[PDB]
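To start, the structure under review is shown below, and the notes come after it.
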Amino acid sequence: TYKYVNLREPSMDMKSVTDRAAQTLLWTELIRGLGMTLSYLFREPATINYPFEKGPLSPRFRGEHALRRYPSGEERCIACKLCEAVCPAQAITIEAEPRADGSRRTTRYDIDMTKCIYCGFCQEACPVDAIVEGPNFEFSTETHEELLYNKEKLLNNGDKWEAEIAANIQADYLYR
Amino acid sequence: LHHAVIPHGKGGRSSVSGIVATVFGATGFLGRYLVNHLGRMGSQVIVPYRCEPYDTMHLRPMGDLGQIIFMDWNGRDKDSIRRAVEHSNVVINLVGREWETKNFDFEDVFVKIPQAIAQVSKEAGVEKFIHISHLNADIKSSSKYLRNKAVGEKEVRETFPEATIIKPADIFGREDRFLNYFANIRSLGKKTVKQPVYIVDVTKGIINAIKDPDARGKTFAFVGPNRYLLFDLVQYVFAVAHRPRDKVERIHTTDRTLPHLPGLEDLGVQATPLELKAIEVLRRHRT
Amino acid sequence: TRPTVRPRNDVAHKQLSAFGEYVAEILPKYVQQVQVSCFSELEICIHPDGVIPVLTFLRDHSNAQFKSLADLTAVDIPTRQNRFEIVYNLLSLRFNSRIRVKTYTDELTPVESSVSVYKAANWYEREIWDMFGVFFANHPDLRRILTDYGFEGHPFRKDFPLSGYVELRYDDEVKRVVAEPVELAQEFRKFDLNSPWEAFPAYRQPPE
Amino acid sequence: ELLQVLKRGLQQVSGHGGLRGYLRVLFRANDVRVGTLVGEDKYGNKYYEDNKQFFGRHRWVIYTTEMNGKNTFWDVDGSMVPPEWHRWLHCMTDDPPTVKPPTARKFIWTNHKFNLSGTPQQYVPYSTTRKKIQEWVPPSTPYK
Amino acid sequence: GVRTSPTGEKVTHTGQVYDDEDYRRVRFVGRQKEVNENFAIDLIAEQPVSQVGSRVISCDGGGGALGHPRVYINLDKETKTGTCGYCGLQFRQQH
Amino acid sequence: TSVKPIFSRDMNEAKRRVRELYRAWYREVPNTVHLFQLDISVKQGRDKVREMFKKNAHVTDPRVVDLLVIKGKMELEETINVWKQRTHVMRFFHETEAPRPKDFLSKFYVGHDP
Amino acid sequence: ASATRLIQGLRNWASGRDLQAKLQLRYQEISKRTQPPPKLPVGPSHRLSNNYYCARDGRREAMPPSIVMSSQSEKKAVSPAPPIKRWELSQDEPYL
Ligand SMILES: NC(=O)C1=CN([C@@H]2O[C@H](COP(=O)(O)OP(=O)(O)OC[C@H]3O[C@@H](n4cnc5c(N)ncnc54)[C@H](OP(=O)(O)O)[C@@H]3O)[C@@H](O)[C@H]2O)C=CC1
Ligand code: SF4
Ligand code: SF4
Ligand SMILES: [Zn+2]
């Protein structure tokens with residue numbers, strides 16, 4: 001099925017040619033364009049006064065790169081290295097040791113926030129859901145030294161809030 | 001000695017070299033080329049600035065990822081200077097202003113600054129401290145500037161014995177003071201000998217001395233390879249540029293050789309003449 | 007079988023089989039392999055001395071029009087006397103069929119430069135010269151597009167490693183952007199993932 | 002009815018509270034849309050949600066002065082919000098956090114230390130690893 | 001549980017704190033070292049030793065699909081408590 | 014072993030085309046050092062041009078010499094046009110060391126250069 | 001909107017497309033969040049008692065491509097396909 005465009009002919013009737021002549025010599029369609037633009041003038045513009053009104057979102061945003069921990073407990077990661085294996089720019093870096101207990105843990109857990117391209121593959125991949133793409137997007141950093149997060153940075157960034165993260169996960173653990 | 005201080009392979013761009021360098025000043029000229037050659041060498045450079053962060057923002061990205069570091073300092077106290085030399089392998093005194101201000105004359109920059117930093121450097125455990133000075137800055141006449149540098153040389157020679165006192169002659173480059181003053185004037197000429205030396209020969213000599221041990225305590229003075237007439241030099245500058281007050285006494289008075297003390301080839305770096313680099317650097321003439 | 011298995015249609019398989027034996031009948035000077043995959047697209051594997059005759063034939067002849075040109079890539083397979091493979095990828099406008107002319111070549115001997123008969127081939131050919139190094143004799147314009155002007159190495163080989171030999175940085179000593187050998191910040195840790203146990207049984211090559 | 006809007010528009014000027022408080026939030030940035038008072042919270046900040054405005058101008062936050070001692074009458078930042086109202090304010094829900102405030106965790110800060118680049122306190126990178134190869138120390142006894 | 005180092009810098013949960021011959025101290029100049037304040041080792045003694053009377057029991061981790069996968073641990077040691085590898089919290093049996 | 018070479022038949026056309034290309038480079042350099050506002054004397058540039066010719070001197074095959082003629086012709090065309098910039102011409106030179114010599118002593122102090 | 005009659009009349013007069021109806025300032029289909037917890041159904045997998053994986057073993061069914069001629089009067093010359101039918105002007109307001 002094909003519906004082509006631009007196949008008319010100029011009708012040589014007096015009415016059609018004097019309408020096209022009025023269009024030419026009387027600037028009518030240009031006035032029509034001005035009418036359309038003023039019709040959008042007298043509306044109310046959909047702006048938001050920014051630092052008071054933040055924008056809308058979804059409960060599945062990808063932001064801050066926080067870590068979680070067990071209820072009234074210790075860390076949730078294991079250093080199972082799946083997130084370093086699936087990080088598509090390989091920004092994850094994990095060096096792992098066990099501590100004085102015997103349970104396996106880490107030493108060093110690094111995200112390059114430069115090389116992080118915010119897929120969510122480490123959100124889908126982590127079996128204990130230890131790393132979560134955080135909720136907020138306000139990084140705005142002066143130097144290049146700060147943008148290389150450490151494990152203690154991610155723990156203090158997960159300790160800065162979990163109530164947000166827990167509410168969003170309980171909203172959306174059923175889909176993914 | 002301790003790890004993360006040993007060298008590693010090639011040089012530059014997070015190829016870690018041995019030195020940890022604390023450089024004074026460096027918002028001006030010679031410190032800026034020295035920071036650039038250290039970033040080409042690839043070491044960690046502590047620079048204190050009293051000035052705006054924007055000037056060191058424009059001379060900032062020559063270091064690699066987290067290599068250079070900033071702090072704040074003044075010429076009144078010792079706490080910020082001790083904070084600058086908390087951990088520093090080598091340290092260089094490159095300070096100075098060529099015109100007196102309200103808060104500081106030629107007195108007490110050259111007097112007040114090297115006393116405190118030489119004191120806290122000998123105390124706080126640094127090595128291979130390098131101090132610049134001007135060539136032929138003596139007790140002799142016609143320059144409060146040069147006699148104050150002679151006073152500073154006396155202090156830096158007396159306290160902290162194991163230094164490297166160094167002095168170049170009048171140096172020329174992309175942001176030179178006196179060569180731009182020659183291009184930006186308005195004018196008369198006498199007979200006055202003068203040797204200029206290009207800036208990268210001086211800074212190659214400085215970084216070779218800063219990485220080389222067992223040549224220390226020996227003061228140095230730098231040699232222009234031509235050493236010719238002032239008025240011929242003004243003629244050559246106006247020729248390549250196509251056009252027909282303490283500073284003016286300093287440039288008119290004297291610039292001589294001193295055969296007492298070693299120079300370039302006793303350290304092993306090739307000198308470059310004025311004419312080649314002057315064709316290279318004299319832009320900004322008409323059209 | 008019936009759910010979640012992409013079903014094949016043997017009609018296109020049989021018609022392209024007949025068309026392939028037809029082509030091998032009518033151009034016996036250059037034909038080596040005529041192979042048909044399970045998803046029914048034709049693959050004609052050709053010596054590189056009949057590129058101009060095969061394309062001048064396959065543009066016309068009214069049993070297969072094939073006006074349209076696409077991808078040309080000379081996919082570098084080593085362990086061969088001829089490394090590179092020119093892949094012409096031709097499309098009809100009347101017939102809705104896709105044929106892949108895979109002609110072989112090496113690093114040095116030129117193919118016959120199809121730009122005289124397919125006008126689309128000009129920048130495709132310039133791209134294959136700038137990335138691989140297959141020279142094109144009797145071709146008007148060979149320059150560099152997609153690489154820097156001071157650059158050499160033909161980077162899409164396998165013999166060009168993933169990082170570069172040159173890397174730019176600005177320096178104020180000469181007030182310009184200069185090229186230095188590479189000094190990375192991280193290793194690009196490459197993970198061995200060629201896992202054993204032969205994940206496909208039908209593609210077992212004959213051993214010795 | 003053009004004079005009725007100027008009469009209706011003058012009421013929300015006084016609905017904020019007056020003139021000097023009105024001039025405060027007016028010269029702060031813009032807002033004159035006062036009238037509901039959904040939520041107040043620690044560090045003094047207030048939260049308003051109207052239903053006559055559209056999606057994006059539903060909910061807004063008004064910050065107080067010196068919430069962390071930083072003279073924030075002017076120069077209001079992002080992330081001067083506590084995180085439960087950060088869930089409320091992006092329209093991630095339809096309930097204020099007076100419906101489900103808490104969590105079952107004894108580690109959350111009382112502060113919510115705000116964005117801190119360019120400050121006396123900013124983050125630094127450092128390796129979270131002990132000694133690499135354990136360089137050998139020679140013994141302290143002398144010989145010859 | 002920070003350690004009174006001669007440097008005075010805060011130690012971490014991993015023994016990585018510096019020496020007097022480290023210039024990474026002088027890159028911590030004026031920039032306060034953010035260390036974790038709530039550790040991970042001592043938060044096990046804060047949790048009581050649970051007592052479940054059966055022999056071989058099942059651990060999930062506080063709710064379905066939020067936590068670690070099902071791990072079926074054994075309690076056959078007469079003097080050593082059980083320990084889930086994922087959780088970290090112990091179990092004992094009641095005869 | 015059936016090989017069809019590019020342009021030549023033996024090394025006689027190779028020598029002919031490479032001496033023509035060297036003549037082109039010899040008369041094309043002073044135009045560029047006028048145009049790009051460089052920092053280099055003319056004879057230094059000519060000496061590094063003949064250095065770049067001397068670098069590839071140990072090549073025997075006719076196809077490789079013809080392909081080098083093609084490469085040099087392409088870059089001479091892109092330098093007589095103004096399509097390249099000052100970065101590229103300085104990239105042909107070396108005024109940013111790279112200082113490491115071929116001494117075994119210096120390759121002993123600087124680590125791991127066999 | 002939410003305003004007087006004269007300016008709404010000038011808005012309708014400057015473009016007669018009933019501006020108050022569809023105005024791009026939405027107030028009503030802000031979606032009512034905290035939805036009931038959705039159950040995601042699963043179709044023709046996880047059914048017990050017949051799901052031999054060898055039956056629906058779709059990865060293994062990829063045959064190597066069948067080879068016709070190499071280097072190692090028949091009434092013929094068919095095309096690769098039938099000629100594709102010429103289309104038609106659609107009914108949904110064509111031109112002309
Ligand atoms: N021919 C030459 O140019 C010669 C130069 N030198 C030395 O070379 C260096 C650079 O040369 P030049 O450009 O002329 O000097 P500069 O003024 O450019 O370099 C000195 C730097 O230290 C800063 N500084 C100096 N005194 C003070 C002070 N009291 N308090 C705070 N900051 C101070 C300067 O200004 P700011 O504070 O704004 O950063 C500048 O950043 C100087 O140390 C000079 O003595 C010596 C002999 C010859
Ligand atoms: S995938 Fe999860 S559990 Fe595994 S190493 Fe990464 S954060 Fe830890
Ligand atoms: S979201 Fe970031 S850290 Fe996670 S896998 Fe992607 S790039 Fe890596
Ligand atoms: Zn468990």
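Chains as they are written, first to last, in the entry's author numbering: chain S8, 1 to 176; chain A9, 1 to 186, 195 to 252, 281 to 323; chain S3, 7 to 214; chain AL, 2 to 145; chain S6, 1 to 95; chain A6, 14 to 127; chain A7, 1 to 72, 89 to 112.
C-beta: ideal position from N, C-alpha, C; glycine also.
Is it true that the CB of residue j sits closer than 8 Å to the CB of residue i?
{"i": "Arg76 (chain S8)", "j": "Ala125 (chain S8)", "result": "no"}
{"i": "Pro298 (chain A9)", "j": "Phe230 (chain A9)", "result": "no"}
{"i": "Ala93 (chain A7)", "j": "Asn95 (chain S3)", "result": "no"}
{"i": "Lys112 (chain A9)", "j": "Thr159 (chain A9)", "result": "no"}
{"i": "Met68 (chain AL)", "j": "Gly45 (chain AL)", "result": "yes"}
{"i": "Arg60 (chain AL)", "j": "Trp89 (chain AL)", "result": "yes"}
{"i": "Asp32 (chain AL)", "j": "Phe52 (chain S8)", "result": "yes"}
{"i": "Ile111 (chain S8)", "j": "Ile94 (chain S8)", "result": "no"}
{"i": "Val62 (chain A6)", "j": "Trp38 (chain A6)", "result": "yes"}
{"i": "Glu133 (chain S8)", "j": "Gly63 (chain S8)", "result": "yes"}
{"i": "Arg56 (chain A7)", "j": "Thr10 (chain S3)", "result": "yes"}
{"i": "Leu78 (chain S3)", "j": "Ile92 (chain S3)", "result": "yes"}
{"i": "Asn89 (chain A9)", "j": "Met62 (chain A9)", "result": "no"}
{"i": "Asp82 (chain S3)", "j": "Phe141 (chain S3)", "result": "no"}
{"i": "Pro114 (chain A9)", "j": "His131 (chain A9)", "result": "yes"}
Count the other CB atoms, across all protein chains shown, that sit within 10 Å of the CB of residue i; report buried if there are 16 or more and exposed otherwise.
{"i": "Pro103 (chain AL)", "result": "exposed"}
{"i": "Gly18 (chain AL)", "result": "exposed"}
{"i": "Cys59 (chain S6)", "result": "buried"}
{"i": "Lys196 (chain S3)", "result": "exposed"}
{"i": "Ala1 (chain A7)", "result": "exposed"}
{"i": "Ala45 (chain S6)", "result": "exposed"}
{"i": "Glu85 (chain AL)", "result": "buried"}
{"i": "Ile19 (chain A9)", "result": "buried"}
Who are the neighbours of residue i on chain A7, taking C-beta pairs under 9 Å?
{"i": "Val26 (chain AL)", "result": "Neighbours of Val26 (chain AL) on chain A7: none; closest Cβ ~22 Å, over 9 Å."}
Starting from residue i, find everything on chain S6 with Cβ-Cβ shorter than 7 Å and list it in chain order.
{"i": "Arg131 (chain AL)", "result": "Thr14, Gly15 and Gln16"}
Taking Cβ-Cβ distances shorter than 7 Å, what residues in chain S8 pair up with residue i?
{"i": "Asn38 (chain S6)", "result": "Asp159"}
{"i": "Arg195 (chain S3)", "result": "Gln90"}
What are the partner residues of residue i, as DSSP defines its beta bridges?
{"i": "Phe172 (chain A9)", "result": "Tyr206 (chain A9)"}
{"i": "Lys47 (chain AL)", "result": "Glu41 (chain AL) and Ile63 (chain AL)"}
{"i": "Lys67 (chain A6)", "result": "In DSSP, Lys67 (chain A6) forms no bridge with anything."}
{"i": "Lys108 (chain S3)", "result": "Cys51 (chain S3) and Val93 (chain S3)"}
In chain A9, which residues lie less than 7 Å from residue i when you measure between Cβ atoms?
{"i": "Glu21 (chain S6)", "result": "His2"}
{"i": "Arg25 (chain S6)", "result": "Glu86 and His87"}
Residue i versus chain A6: which residues are under 9 Å apart at the beta carbon?
{"i": "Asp165 (chain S3)", "result": "The premise fails here: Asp165 (chain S3) is roughly 16 Å from chain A6 at the closest Cβ pair, so nothing lies under 9 Å."}
Using a cut-off of 9 Å between C-beta atoms, extract the partners of residue i located in chain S3.
{"i": "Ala22 (chain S8)", "result": "Those within 9 Å of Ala22 (chain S8) in chain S3 number zero; the least Cβ separation is about 45 Å."}
Would you mind telling me which residues of chain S6 sit closer than 9 Å to residue i, beta carbon to beta carbon, in chain order?
{"i": "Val132 (chain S8)", "result": "The premise fails here: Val132 (chain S8) is roughly 12 Å from chain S6 at the closest Cβ pair, so nothing lies under 9 Å."}
Would you mind telling me which residues of chain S8 sit closer than 8 Å to residue i, beta carbon to beta carbon, in chain order?
{"i": "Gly42 (chain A9)", "result": "Per Cβ cutoff of 8 Å: no residues; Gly42 (chain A9) is ~16 Å from chain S8 at best."}
{"i": "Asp96 (chain AL)", "result": "Near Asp96 (chain AL) there are no residues of chain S8 at all, since even the closest Cβ is about 10 Å away, more than 8 Å."}
Determine the chain AL residues that contact residue i at a beta-carbon separation under 8 Å, and present them in chain order.
{"i": "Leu7 (chain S8)", "result": "Ordered by position in chain AL, no residue passes the 8 Å Cβ test against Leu7 (chain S8), which lies about 43 Å from the chain."}
Whole runs of the alpha helix (DSSP H) within the segment 56-124 of chain AL, excluding any shorter than 4 residues: Segments of the alpha helix (DSSP H) lying fully in the segment 56-124 of chain AL: 84-90.
In chain order, each alpha helix (DSSP H) run of at least 4 residues that lies wholly inside the segment 109-134 of chain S8: Runs of the alpha helix (DSSP H) spanning 4 or more residues and lying entirely within the segment 109-134 of chain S8 occur at 121-125, in chain order.
Segments assigned alpha helix (DSSP H), at least 4 residues, entirely inside the segment 120-193 of chain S3: Those alpha helix (DSSP H) runs which fall completely within the segment 120-193 of chain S3 and span 4+ residues are 127-137.
Ordered list of beta strand (DSSP E) runs contained in the segment 50-85 of chain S6, each at least 3 residues: Those beta strand (DSSP E) runs which fall completely within the segment 50-85 of chain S6 and span 3+ residues are 56-59 and 71-74.
4 or more residues per run - each alpha helix (DSSP H) lying fully within the segment 80-163 of chain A9: 112-123 and 144-158, all fully within the segment 80-163 of chain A9.
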